[PDB]
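Report on the structure given below.
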Amino acid sequence: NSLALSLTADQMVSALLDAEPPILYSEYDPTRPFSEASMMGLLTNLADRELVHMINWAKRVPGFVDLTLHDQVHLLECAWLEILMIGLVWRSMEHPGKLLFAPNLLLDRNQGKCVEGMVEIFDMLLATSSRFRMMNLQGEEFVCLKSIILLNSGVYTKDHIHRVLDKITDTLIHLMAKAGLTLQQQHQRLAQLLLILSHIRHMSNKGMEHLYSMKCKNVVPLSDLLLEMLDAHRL
Amino acid sequence: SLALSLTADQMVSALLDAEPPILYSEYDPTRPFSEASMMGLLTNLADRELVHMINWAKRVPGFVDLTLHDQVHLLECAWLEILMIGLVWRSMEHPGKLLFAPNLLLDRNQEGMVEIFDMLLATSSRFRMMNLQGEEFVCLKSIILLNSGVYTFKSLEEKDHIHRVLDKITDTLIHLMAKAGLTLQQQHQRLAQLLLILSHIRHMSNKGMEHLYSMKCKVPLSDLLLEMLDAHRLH
Amino acid sequence: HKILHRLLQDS
Amino acid sequence: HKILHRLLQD
Ligand SMILES: OCCC1CCC(=C(c2ccc(O)cc2)c2ccc(O)cc2)CC1
Ligand SMILES: OCCC1CCC(=C(c2ccc(O)cc2)c2ccc(O)cc2)CC1
């Protein structure tokens, strides 16, 4: 039996907010990366450090620690790029037309063409951020969405996880009802948020596809952790 | 528009009557079975299915209000997703098997494509456990069509009109569930459960797409399938 | 142009 | 053996 189910909606929210990883900085230097080498250099370094925080964040997600070590590994291997991206999209909300990878690393579409083969992915990230903006996505909602991504993305490849997912659904509704939304607005907004998760998955798939391409591996040396997270998606 | 004036029952009725037929494959039990031969049959089947899908899309409320370029983009983005959810729907009452066609019922046995098979199997069993209704299924499939390529396209109220139709389909889903006697909590939970599956659908499509334009460079692909596959161009 | 474009057009 | 294996324990 898990403790996650016995939590209230407000308790679920507080736990997720308190588990939030910090916003990390990129390596400094006035840089202004205008080559895929330096650009990917900064991104992979940042991603590697974020991954360490994500792993410990996941352990504080209610219900996750109740899983076996193997199931925990699977879910993280499956969802890590999705989780990185929705975090990026979240940070970039108050910066339209720009992606805030780090407070000292704010990039526009022009710089996003330096990597290339992925400028569509850059545009998709911008589009998702703009979508969050117009929906006025709240922090309490964001941490629920990120939790859902962690538990759902590899839930197949079992009643426990689905029971926790239902709990987060109850939590999401609880937040909207607290915001004064009517019943129709509640299930409409719930749907709108969850459909974006399909787009999150798509960006991860396409994003992954480029990242574990042999050419992109050779651009800049990747960490052993980042490599093992990539190899988990090997085709 | 006219789709925005449709009641819930009118929406279901419209989607139901727009349903494409179950096509047969050219499978012969006497003929030797193998991969590539199997992929040849599925390619031929999908190609004929696409023609019915295109004309099905025209009957999806709000789709013909879109510009021709936008219609093309949505189908290019979602065609494999739509095929797969249809496949998953067909295979619900066949545990451990995928019903590609009434004359083509295959189990796991008959490595990367094997995992795609298992994911499709897992999705089908998920629908079975939830006891997905036909009315719910046609709503989900329509959601995929409108949502999958909505963030991958001035001025375009096109995106705004799509979101309004998507909201209407959400209202329709909720209406169906409330008619089934489900409590409000059960309605929101089931709605979330359905939409989360759409994320897995997207995942399977992306992985399937990868294998399809990997073997294209090597089974013959039909002229339409090649064009649909080319839309997902990036390496 | 494309086949999909043609089929979507055919009245 | 995986790095993720180790990191999830500590
Ligand atoms: O064209 C844009 C290139 C993409 C490459 C993938 C990507 C990355 C990313 C880039 C490289 C890598 O090894 C892992 C992830 C990203 C980095 C930090 C984040 O907080 C979120 C995502 C985002 C952008
Ligand atoms: O087991 C791996 C085989 C998968 C390959 C992709 C796939 C296919 C598919 C197979 C080949 C192709 O060219 C396009 C799609 C599929 C065919 C008909 C449907 O109604 C739905 C899907 C489904 C199964």
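Chain identifiers are assigned as A, B, and so on, following the order in which chains appear in the structure tokens; residues are numbered from 1 within each chain, and ligands are numbered from 1 in order of appearance.
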Show me which residues are within 7 Å of ligand 1 counting only C-alpha atoms and all ligand atoms, and format the list as a PyMOL selection string.
chain A and resi 40+43-44+46-47+50+81+84-85+87-88+101+112-113+115-116+118-119+121-122+207+211+226
If you run DSSP on the backbone, which residues of range 5-227 of chain A are strand (DSSP E), as an NGL selection string?
:A and (98-102 or 105-108)
With C-alpha atoms retained, write the just-selected residues as a PDB file, in the first residue's frame.
```pdb
ATOM      1  CA  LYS A  98      12.516  32.938 -26.878  1.00  0.00           C
ATOM      2  CA  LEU A  99      13.554  29.790 -25.021  1.00  0.00           C
ATOM      3  CA  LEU A 100      14.981  30.210 -21.521  1.00  0.00           C
ATOM      4  CA  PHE A 101      17.314  27.230 -21.130  1.00  0.00           C
ATOM      5  CA  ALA A 102      18.920  29.053 -18.222  1.00  0.00           C
ATOM      6  CA  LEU A 105      21.084  31.391 -21.565  1.00  0.00           C
ATOM      7  CA  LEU A 106      18.121  32.905 -23.415  1.00  0.00           C
ATOM      8  CA  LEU A 107      17.889  32.004 -27.106  1.00  0.00           C
ATOM      9  CA  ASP A 108      15.754  32.960 -30.114  1.00  0.00           C
TER      10      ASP A 108
END
```
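Atom pair CA of residue 182 in chain A / CA of residue 145 in chain B has a distance of 27.5 Å (rounded to one decimal).
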Would you please give, as a count of residues only, all residues of chain C that DSSP assigns to helix (DSSP H, G or I) based on the backbone?
7
Taking a cut-off of 8 Å and counting only C-alpha atoms, can you build a table that, for each residue of chain D near chain A, reports the nearest atom pair and how far apart they are in Å (one decimal), sorted by chain then residue number, as JSON lines?
```
{"residue": "D:2", "atom": "CA", "partner": "A:228", "partner_atom": "CA", "distance": 7.4}
{"residue": "D:3", "atom": "CA", "partner": "A:225", "partner_atom": "CA", "distance": 6.2}
{"residue": "D:4", "atom": "CA", "partner": "A:73", "partner_atom": "CA", "distance": 6.6}
{"residue": "D:5", "atom": "CA", "partner": "A:73", "partner_atom": "CA", "distance": 6.8}
{"residue": "D:7", "atom": "CA", "partner": "A:55", "partner_atom": "CA", "distance": 7.3}
{"residue": "D:8", "atom": "CA", "partner": "A:55", "partner_atom": "CA", "distance": 6.6}
```
When the cut-off is 9 Å and you count only C-alpha atoms and all ligand atoms, which residues lie near ligand 2, shown as a PyMOL selection string?
chain B and resi 22-23+38-47+49+80-88+98-101+108+112-120+204-205+207-209+211-212+219-222+225-226+229
Just write the chosen residues, N, CA and C atoms, as a compact mmCIF listing (two decimals), in the first residue's frame.
```txt
# COMPACT_ATOMS: atom_id res chain seq x y z
N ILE B 22 -13.95 -1.64 -42.29
CA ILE B 22 -12.84 -2.53 -41.99
C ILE B 22 -12.38 -3.22 -43.28
N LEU B 23 -11.21 -2.84 -43.77
CA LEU B 23 -10.69 -3.39 -45.01
C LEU B 23 -10.02 -4.74 -44.79
N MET B 38 4.91 -9.79 -44.43
CA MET B 38 3.91 -9.21 -43.54
C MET B 38 3.86 -7.69 -43.71
N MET B 39 5.02 -7.07 -43.81
CA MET B 39 5.11 -5.63 -43.99
C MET B 39 4.59 -5.21 -45.36
N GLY B 40 4.70 -6.12 -46.33
CA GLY B 40 4.16 -5.89 -47.65
C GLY B 40 2.64 -5.86 -47.62
N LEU B 41 2.05 -6.74 -46.82
CA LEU B 41 0.60 -6.81 -46.68
C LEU B 41 0.06 -5.60 -45.92
N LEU B 42 0.78 -5.19 -44.88
CA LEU B 42 0.36 -4.05 -44.07
C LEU B 42 0.48 -2.74 -44.84
N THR B 43 1.52 -2.64 -45.67
CA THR B 43 1.71 -1.48 -46.52
C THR B 43 0.56 -1.35 -47.51
N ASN B 44 0.20 -2.47 -48.14
CA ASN B 44 -0.91 -2.49 -49.08
C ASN B 44 -2.23 -2.17 -48.39
N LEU B 45 -2.39 -2.66 -47.16
CA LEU B 45 -3.60 -2.41 -46.38
C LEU B 45 -3.71 -0.95 -45.95
N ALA B 46 -2.62 -0.41 -45.43
CA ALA B 46 -2.61 0.97 -44.95
C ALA B 46 -2.88 1.95 -46.09
N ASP B 47 -2.32 1.66 -47.26
CA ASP B 47 -2.48 2.51 -48.44
C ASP B 47 -3.95 2.64 -48.85
N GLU B 49 -6.45 1.97 -46.74
CA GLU B 49 -7.07 2.59 -45.57
C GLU B 49 -6.96 4.11 -45.60
N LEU B 80 -0.69 7.90 -39.22
CA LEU B 80 -0.28 6.65 -38.60
C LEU B 80 -0.92 6.50 -37.22
N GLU B 81 -1.06 7.62 -36.51
CA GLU B 81 -1.77 7.63 -35.23
C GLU B 81 -3.20 7.15 -35.39
N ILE B 82 -3.85 7.61 -36.45
CA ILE B 82 -5.25 7.29 -36.71
C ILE B 82 -5.39 5.82 -37.12
N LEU B 83 -4.46 5.35 -37.94
CA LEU B 83 -4.42 3.94 -38.32
C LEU B 83 -4.25 3.06 -37.09
N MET B 84 -3.32 3.45 -36.22
CA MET B 84 -2.97 2.63 -35.06
C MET B 84 -4.10 2.55 -34.04
N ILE B 85 -4.81 3.65 -33.81
CA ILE B 85 -5.89 3.62 -32.83
C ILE B 85 -7.07 2.82 -33.38
N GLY B 86 -7.20 2.81 -34.70
CA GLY B 86 -8.20 1.98 -35.35
C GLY B 86 -7.85 0.52 -35.16
N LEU B 87 -6.57 0.20 -35.38
CA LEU B 87 -6.05 -1.15 -35.18
C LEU B 87 -6.27 -1.61 -33.74
N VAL B 88 -5.91 -0.75 -32.80
CA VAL B 88 -6.07 -1.03 -31.38
C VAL B 88 -7.54 -1.25 -31.03
N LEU B 98 -3.32 -8.84 -32.50
CA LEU B 98 -3.70 -7.62 -33.22
C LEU B 98 -4.50 -7.97 -34.47
N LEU B 99 -5.70 -7.41 -34.57
CA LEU B 99 -6.56 -7.66 -35.72
C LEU B 99 -6.33 -6.60 -36.80
N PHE B 100 -5.28 -6.77 -37.59
CA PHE B 100 -4.97 -5.85 -38.68
C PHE B 100 -6.09 -5.86 -39.71
N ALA B 101 -6.68 -7.04 -39.90
CA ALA B 101 -7.78 -7.23 -40.83
C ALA B 101 -8.58 -8.44 -40.37
N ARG B 108 2.04 -12.18 -31.11
CA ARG B 108 3.37 -11.60 -30.91
C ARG B 108 4.47 -12.30 -31.71
N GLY B 112 12.95 -4.44 -32.73
CA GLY B 112 12.41 -3.10 -32.55
C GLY B 112 10.93 -3.05 -32.90
N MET B 113 10.56 -3.79 -33.94
CA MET B 113 9.18 -3.85 -34.40
C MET B 113 8.35 -4.73 -33.47
N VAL B 114 9.01 -5.66 -32.79
CA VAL B 114 8.36 -6.52 -31.81
C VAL B 114 7.84 -5.68 -30.64
N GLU B 115 8.63 -4.68 -30.24
CA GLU B 115 8.25 -3.81 -29.14
C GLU B 115 7.10 -2.88 -29.54
N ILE B 116 7.05 -2.52 -30.82
CA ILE B 116 5.92 -1.76 -31.35
C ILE B 116 4.66 -2.61 -31.26
N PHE B 117 4.82 -3.89 -31.57
CA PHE B 117 3.73 -4.85 -31.50
C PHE B 117 3.20 -4.94 -30.07
N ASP B 118 4.11 -5.05 -29.11
CA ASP B 118 3.73 -5.16 -27.70
C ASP B 118 3.04 -3.90 -27.20
N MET B 119 3.53 -2.74 -27.63
CA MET B 119 2.91 -1.47 -27.26
C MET B 119 1.48 -1.39 -27.79
N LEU B 120 1.28 -1.83 -29.02
CA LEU B 120 -0.05 -1.89 -29.61
C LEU B 120 -0.93 -2.88 -28.84
N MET B 204 3.95 5.54 -30.26
CA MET B 204 3.95 4.40 -31.17
C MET B 204 4.02 4.83 -32.64
N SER B 205 3.36 5.93 -32.96
CA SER B 205 3.38 6.47 -34.31
C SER B 205 4.79 6.90 -34.70
N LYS B 207 7.71 5.98 -33.39
CA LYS B 207 8.59 4.82 -33.50
C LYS B 207 8.29 4.04 -34.77
N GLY B 208 7.00 3.90 -35.07
CA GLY B 208 6.58 3.20 -36.28
C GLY B 208 7.06 3.93 -37.52
N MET B 209 6.93 5.26 -37.50
CA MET B 209 7.38 6.10 -38.60
C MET B 209 8.87 5.88 -38.85
N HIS B 211 10.74 3.26 -38.26
CA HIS B 211 10.98 1.97 -38.90
C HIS B 211 10.52 1.99 -40.35
N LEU B 212 9.51 2.80 -40.65
CA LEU B 212 8.96 2.87 -42.01
C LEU B 212 9.88 3.60 -42.99
N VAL B 219 10.68 -3.84 -48.77
CA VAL B 219 9.26 -3.59 -49.04
C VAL B 219 9.09 -2.37 -49.94
N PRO B 220 8.21 -2.48 -50.94
CA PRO B 220 7.85 -1.30 -51.73
C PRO B 220 6.81 -0.45 -51.02
N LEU B 221 6.97 0.87 -51.08
CA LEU B 221 5.98 1.77 -50.50
C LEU B 221 5.15 2.41 -51.60
N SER B 222 3.84 2.47 -51.40
CA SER B 222 2.94 3.06 -52.38
C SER B 222 3.21 4.56 -52.51
N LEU B 225 1.69 6.58 -49.58
CA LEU B 225 2.39 6.31 -48.33
C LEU B 225 3.75 6.99 -48.28
N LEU B 226 4.45 7.00 -49.42
CA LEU B 226 5.74 7.67 -49.52
C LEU B 226 5.60 9.16 -49.22
N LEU B 229 4.78 9.64 -45.63
CA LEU B 229 5.97 9.33 -44.86
C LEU B 229 7.01 10.43 -44.99
```
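Residues from chain C that have an atom within 8 Å of chain B, counting only C-alpha atoms, are residues 2, 3, 4, 5, 7, 8 and 9 of chain C.
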Residues of chain A within 9 Å of chain B, only C-alpha atoms counted, as a PDB file with C-alpha atoms, in the first residue's frame:
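This is the output file iface_23.pdb:
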```
ATOM      1  CA  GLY A 117      17.753  19.495 -38.310  1.00  0.00           C
ATOM      2  CA  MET A 118      16.054  20.478 -35.083  1.00  0.00           C
ATOM      3  CA  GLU A 120      11.386  22.478 -36.162  1.00  0.00           C
ATOM      4  CA  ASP A 123       9.752  26.040 -33.154  1.00  0.00           C
ATOM      5  CA  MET A 124       7.633  23.343 -31.509  1.00  0.00           C
ATOM      6  CA  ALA A 127       4.758  27.021 -29.863  1.00  0.00           C
ATOM      7  CA  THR A 128       4.203  24.986 -26.699  1.00  0.00           C
ATOM      8  CA  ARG A 131       0.268  27.803 -25.678  1.00  0.00           C
ATOM      9  CA  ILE A 148       1.932  12.774 -14.919  1.00  0.00           C
ATOM     10  CA  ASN A 152       2.532   7.761 -17.663  1.00  0.00           C
ATOM     11  CA  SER A 153       5.157   7.755 -20.413  1.00  0.00           C
ATOM     12  CA  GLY A 154       6.519   4.293 -19.621  1.00  0.00           C
ATOM     13  CA  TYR A 156       3.256   0.092 -20.375  1.00  0.00           C
ATOM     14  CA  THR A 157       6.610  -0.815 -21.955  1.00  0.00           C
ATOM     15  CA  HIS A 162      -2.907   4.268 -12.633  1.00  0.00           C
ATOM     16  CA  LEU A 165      -2.492   9.110 -11.979  1.00  0.00           C
ATOM     17  CA  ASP A 166      -6.162   9.292 -11.007  1.00  0.00           C
ATOM     18  CA  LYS A 167      -5.055  11.044  -7.821  1.00  0.00           C
ATOM     19  CA  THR A 169      -6.288  14.076 -11.984  1.00  0.00           C
ATOM     20  CA  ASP A 170      -8.311  14.712  -8.824  1.00  0.00           C
ATOM     21  CA  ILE A 173      -9.484  19.372 -10.970  1.00  0.00           C
ATOM     22  CA  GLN A 184     -17.557  22.750 -18.097  1.00  0.00           C
ATOM     23  CA  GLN A 186     -12.842  22.345 -15.583  1.00  0.00           C
ATOM     24  CA  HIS A 187     -13.030  19.333 -17.903  1.00  0.00           C
ATOM     25  CA  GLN A 188     -12.295  21.523 -20.926  1.00  0.00           C
ATOM     26  CA  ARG A 189      -9.104  22.893 -19.369  1.00  0.00           C
ATOM     27  CA  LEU A 190      -8.152  19.421 -18.137  1.00  0.00           C
ATOM     28  CA  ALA A 191      -8.417  18.134 -21.701  1.00  0.00           C
ATOM     29  CA  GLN A 192      -6.465  21.083 -23.115  1.00  0.00           C
ATOM     30  CA  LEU A 194      -3.403  16.727 -21.305  1.00  0.00           C
ATOM     31  CA  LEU A 195      -3.494  17.077 -25.098  1.00  0.00           C
ATOM     32  CA  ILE A 196      -0.344  19.191 -24.856  1.00  0.00           C
ATOM     33  CA  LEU A 197       1.318  16.130 -23.297  1.00  0.00           C
ATOM     34  CA  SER A 198       0.880  14.385 -26.643  1.00  0.00           C
ATOM     35  CA  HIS A 199       2.824  17.246 -28.210  1.00  0.00           C
ATOM     36  CA  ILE A 200       5.432  16.976 -25.451  1.00  0.00           C
ATOM     37  CA  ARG A 201       5.887  13.305 -26.340  1.00  0.00           C
ATOM     38  CA  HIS A 202       6.232  14.176 -30.018  1.00  0.00           C
ATOM     39  CA  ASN A 205      10.606  11.500 -29.823  1.00  0.00           C
ATOM     40  CA  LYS A 206      11.838  13.781 -32.600  1.00  0.00           C
ATOM     41  CA  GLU A 209      15.901  10.825 -32.681  1.00  0.00           C
ATOM     42  CA  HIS A 210      18.386  13.581 -33.495  1.00  0.00           C
ATOM     43  CA  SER A 213      22.002   9.970 -34.140  1.00  0.00           C
ATOM     44  CA  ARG A 234      17.995   2.943 -29.191  1.00  0.00           C
ATOM     45  CA  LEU A 235      15.888   3.123 -32.388  1.00  0.00           C
TER      46      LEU A 235
END
```
Please indicate the distance in Å from CA of residue 38 in chain A to CA of residue 227 in chain A, rounded to one decimal place.
18.4 Å
Residue 160 in chain A environment, 10 Å, only C-alpha atoms, sequence neighbours closer than 3 positions dropped, as number ranges by chain
A: 1-2, 4-5, 63-64, 66-67, 163-166
Output of the above residues as a PDB file, in the first residue's frame, restricted to C-alpha atoms:
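Output file part_27.pdb is given in full below:
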```pdb
ATOM      1  CA  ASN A   1       0.000   0.000   0.000  1.00  0.00           C
ATOM      2  CA  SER A   2       1.155   3.518  -0.880  1.00  0.00           C
ATOM      3  CA  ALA A   4       0.341   8.803  -2.070  1.00  0.00           C
ATOM      4  CA  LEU A   5      -3.313   7.747  -2.181  1.00  0.00           C
ATOM      5  CA  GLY A  63       4.004   6.913  -5.454  1.00  0.00           C
ATOM      6  CA  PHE A  64       7.297   6.764  -7.341  1.00  0.00           C
ATOM      7  CA  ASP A  66       6.721   2.683  -4.022  1.00  0.00           C
ATOM      8  CA  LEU A  67       7.855   1.235  -7.350  1.00  0.00           C
ATOM      9  CA  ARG A 163      -4.297   4.890  -9.148  1.00  0.00           C
ATOM     10  CA  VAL A 164      -1.725   7.627  -8.557  1.00  0.00           C
ATOM     11  CA  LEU A 165      -2.492   9.110 -11.979  1.00  0.00           C
ATOM     12  CA  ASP A 166      -6.162   9.292 -11.007  1.00  0.00           C
TER      13      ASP A 166
END
```
Could you name the residues that touch range 135-146 of chain A at 7 Å or less, counting only C-alpha atoms, but leaving out those on the same chain fewer than 2 positions away, as a list in words?
residues 13, 16, 17, 83, 131, 132, 133, 148, 149, 150, 168 and 172 of chain A
Could the residues in this selection be saved with C-alpha atoms as a PDB file, in the first residue's frame?
```pdb
ATOM      1  CA  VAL A  13       0.213  20.059  -4.396  1.00  0.00           C
ATOM      2  CA  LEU A  16       5.061  18.471  -5.648  1.00  0.00           C
ATOM      3  CA  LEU A  17       5.891  22.157  -5.175  1.00  0.00           C
ATOM      4  CA  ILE A  83      10.492  16.299 -18.396  1.00  0.00           C
ATOM      5  CA  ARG A 131       0.268  27.803 -25.678  1.00  0.00           C
ATOM      6  CA  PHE A 132       1.013  27.654 -21.944  1.00  0.00           C
ATOM      7  CA  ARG A 133       1.081  31.452 -21.916  1.00  0.00           C
ATOM      8  CA  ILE A 148       1.932  12.774 -14.919  1.00  0.00           C
ATOM      9  CA  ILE A 149       4.619  12.634 -17.611  1.00  0.00           C
ATOM     10  CA  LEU A 150       6.930  10.717 -15.271  1.00  0.00           C
ATOM     11  CA  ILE A 168      -3.186  13.690  -9.814  1.00  0.00           C
ATOM     12  CA  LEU A 172      -5.698  19.036 -11.183  1.00  0.00           C
TER      13      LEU A 172
END
```
